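Each ligand, and each atom within it, is numbered from 1 in the order the structure gives. Chain letters run A, B, ... following the sequence lines, proteins first and then strands; every chain starts at 1.
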Amino acid sequence: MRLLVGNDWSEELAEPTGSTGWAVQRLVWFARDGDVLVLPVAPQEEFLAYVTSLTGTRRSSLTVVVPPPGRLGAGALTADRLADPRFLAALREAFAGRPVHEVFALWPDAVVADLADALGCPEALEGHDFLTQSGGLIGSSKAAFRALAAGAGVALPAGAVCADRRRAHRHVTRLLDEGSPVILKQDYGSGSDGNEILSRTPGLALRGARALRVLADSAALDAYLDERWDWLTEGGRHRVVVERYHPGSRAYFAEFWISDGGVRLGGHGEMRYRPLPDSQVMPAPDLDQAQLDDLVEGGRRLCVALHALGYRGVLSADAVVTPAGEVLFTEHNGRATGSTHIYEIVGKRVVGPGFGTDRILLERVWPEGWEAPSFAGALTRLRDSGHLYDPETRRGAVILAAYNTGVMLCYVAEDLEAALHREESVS
Amino acid sequence: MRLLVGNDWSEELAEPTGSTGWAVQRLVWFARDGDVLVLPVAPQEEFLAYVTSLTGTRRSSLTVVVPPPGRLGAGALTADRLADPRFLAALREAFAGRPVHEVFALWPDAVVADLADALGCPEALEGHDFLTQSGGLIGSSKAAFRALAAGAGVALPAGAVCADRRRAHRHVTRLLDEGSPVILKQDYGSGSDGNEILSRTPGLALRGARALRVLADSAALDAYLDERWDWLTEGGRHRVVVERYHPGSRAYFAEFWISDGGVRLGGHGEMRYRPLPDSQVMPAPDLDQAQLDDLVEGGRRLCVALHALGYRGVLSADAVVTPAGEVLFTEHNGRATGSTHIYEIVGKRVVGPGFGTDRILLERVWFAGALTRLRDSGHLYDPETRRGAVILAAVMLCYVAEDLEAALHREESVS
Ligand SMILES: Nc1ncnc2c1ncn2[C@@H]1O[C@H](COP(=O)(O)O)[C@@H](O)[C@H]1O
């Protein structure tokens, strides 16, 4: 029996008011026999039965525990929901006298530590003490990333970390006068919504940022900083990362599992900003040996640093390959990412040893313009067309997510072209 | 030579508008033959002569470069003073073609890395890359201390790190309802000035905070938090550390030198309240051997972690020994502290190997007049006897004697 926790982005960083309880249902992919899952919204049985049928996990051995709604409703495991005596009674009955062997959470937050303490199993949560002190936030800080990568000797685009406009203005100006565009980044921003590109020249693709600002001179920059500084600092709370932006780069990741015992490579892939990051392929294609070595060693070094200071959990090291072919690291992500269950479970467990050898994975966000009436409806159509993932041909679409009021698929194929073809058939 | 920078508390954390240039003149103690010293204010010659005669450094081999004044004046090495063309030219002249072998700064700040960049000697600054990304600030973060110590299995008072009022209220309520007093600490607070003690009971001794608030109950604390949170967070800029406070505790430090090659014990001491914090003793007295070992090994584990993440420089780990006898770490300090030149130079270089065996150092807070009268009376430090008062700054004294009782008699004499 393990306790799996489907928690969201840290309550300490942001109010999870938009959450609907859908994305964290990816937790089920990690479930193994006997496990107890804590989720904000009960998954549909059809989702559970499908996912468990593929992982080989006995569904009836699983228990799903859902807290009552909290101060922000049901969308996310807010702190008040996990402290609810009603929920705690439900949790203890789900345990049924069994010891908690391990606590696994999607996000390394103090609320998980709080839960382990309330349950009297802190020892089952690796890095518990670190987490009680809110150490897990380091996994989502770009400022922390910049310092750690630079200290560990991990290649980094030129730049700095700025707490004020005076310093920000100097570092932006240095980079712009070298003929480069610049990307500003919220310390704790999630995704490209937290970034802006600044350029002397118009017409750049908006890859990895919400907006492009064209700034002619020092005065235009003063004007920009005066207007956006509140936003860039989240109301004066956080610092801003300034770094050199490299147009037309491809985005890669190497993800690791950081335990008490040390650092272990989970997997690597490419995130396709095509022009939005709406698909990813694993493992990483089109790198030569030296670039793949740099991506993995770079990430590993970063993770060894994070391990040494006490971080425990999943760590995604994000990088770009520039048009000149240089691997530069751009951030880390301390959490179960969009990729984690895909290479770890779908790749290594469902597809098997052939994954990385004669099989790749291609996941796409449910295309806009695609519609499916329900989970069961999507599965039926896939099953009937013969495009549903078939455990003995090792080809086809794996349904990744629960019903979203469509779903989300992962195509397993010999190479990217083959998966891309599988997908056009799917309709 | 080596380039020695007498910089102050980071300009990124606070405006150093109150500095007068006096404290960073402790830089001179670290000066070795041929070095070049960057100071905000020129030291008196008599001070420079005096320090170098004790340290055995040849004074004429030294150069002091003082940047012109900057936006806050001459009191402190502000970023614009160190990027001044007039200052960079005067600095390259002081080198006169010599390569910079090592850069030593009093504070691990991004401006040091900028200066090393300007001069073309990034390789002479250990942790250069770390510092350009302002990683040195981690050495002044209590929020960082709390996580590092928790992760490193280093003992610390019960508590948490809080970003908002709701979690602070919870964690304060919990400690108070257990009957203990609580101390709130600004993430980047310099000294006790950034701390406040919360208690059910009035009259606690304010060791390490400079105000106490008596809070009867949950609504009283709502009121306090609603009133003080803006100050506690520096305008919602930083988080707040909530800790169990231990009254009547003694305060100790263990200081380490963190370089590429690893972690070296500098020294340890006590910060005495008699009744107030106006004196230091090194090495640490009145500790059992196991308490000293917990102090040093605690400090070491912590520094090993700081090392691994890239920090380079001086790191002082502060601890208290509770009335109950337990050693608990309370903060770290990444910088040359008020103690660093004392055990490292005055102790290990001036006094020699006997320091920590047959000599101890006592420093207390209450120029040629001090020197004259100390000389004429015979109380001035005598290399031949390894006893007497050392003038640490232009004044402040460090009494070298066999034990604390001998040091306190010497000071009484100096009255
Ligand atoms: N939780 C605590 N209990 C007792 N003393 C503390 C605690 N936290 C910090 N202190 C002491 O308060 C002092 C801080 O003041 P300063 O050294 O001037 O910054 C240090 O000596 C700490 O060791």
Margin query: Strictly distance-based, threshold 3.5 Å: is any side-chain N or O of A:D109 a donor or acceptor partner for the main-chain N or O of A:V112?
Written below: no
Item checked: Part of B:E331 with heavy atoms under 4.0 Å of ligand 1, whether side chain, backbone, both or neither -> side chain
Notebook entry, point to check: Are the side chain of B:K185 and the backbone N or O of B:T330 linked by a donor-acceptor pair below 3.5 Å?
Noted result: yes
Checklist line | B:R81 side chain vs B:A76 backbone, donor-acceptor pair below 3.5 Å | finding: yes
Check: Under 3.5 Å, N or O to N or O, is B:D318 touching ligand 1 that way?
Finding: no
Notebook entry, point to check: Which residue owns the protein heavy atom closest to atom 14 (C) of ligand 1, what's the atom, and how far is it?
Noted result: B:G208 CA, 3.5 Å
Next item on the list: Find all atoms of ligand 1 within a distance of less than 4.0 Å from any non-hydrogen atom belonging to B:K185, and give their numbers and elements.
Entry: 8 (N), 9 (C)
Notebook entry, point to check: Any donor and acceptor pair, going by atom type alone, linking the side chain of B:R410 with main-chain N or O of B:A389 inside 3.5 Å?
Noted result: no
Next item on the list: Give the residue and atom name of whichever protein heavy atom lies nearest to atom 21 (O) of ligand 1, and the separation in Å to one decimal.
Entry: B:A251 CB, 3.5 Å
Margin query: If the threshold is 4.0 Å, N to carboxylate O, is there a salt bridge linking A:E11 and B:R167?
Written below: no
Check: Considering only heavy atoms, does B:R207 approach ligand 1 within less than 4.0 Å through its side chain, its backbone, both, or neither?
Finding: backbone
Next item on the list: Step by step, work out the salt bridge (charged side-chain N to carboxylate O under 4.0 Å, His left out) result for B:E178 and B:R244.
Entry: CA-CA 10 Å; B:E178 289 182 347; B:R244 185 183 284 126; 2.9 Å; yes
Next item on the list: Name the closest protein heavy atom to atom 2 (C) of ligand 1, giving the residue it belongs to and the distance to 0.1 Å.
Entry: B:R244 O, 3.6 Å
Next item on the list: Kindly say whether A:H307 contributes a backbone atom to a donor-acceptor pair with the side chain of A:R312 at under 3.5 angstrom?
Entry: yes
Margin query: Taking CD in A:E123 as the centre, count heavy atoms belonging to other residues, nucleotides or ligands within less than 6.0 Å. Is the count above 12?
Written below: yes
Check: Among B:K142, B:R250, B:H246, B:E270, whose heavy atom sits nearest atom 4 (C) of ligand 1?
Finding: B:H246
Check: Quick one: which ligand 1 atoms are inside 4.0 Å of a heavy atom on B:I183?
Finding: 1 (N)
Checklist line | Any N or O of B:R210 closer than 3.5 Å to N or O of ligand 1 | finding: no
Note to self: I want to know if ligand 1 touches B:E243 in the polar sense, i.e. an N/O pair below 3.5 angstrom.
What the structure shows: yes
Note to self: Check this for me: does any side-chain nitrogen of one of B:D177 and B:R200 sit under 4.0 Å from a carboxylate oxygen of the other?
What the structure shows: yes
Item checked: Candidate with minimal heavy-atom separation from atom 7 (C) of ligand 1, of B:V321, B:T322, B:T330 -> B:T330
Checklist line | Structural part of B:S192 in contact with ligand 1, heavy atom criterion under 4.0 angstrom | finding: both
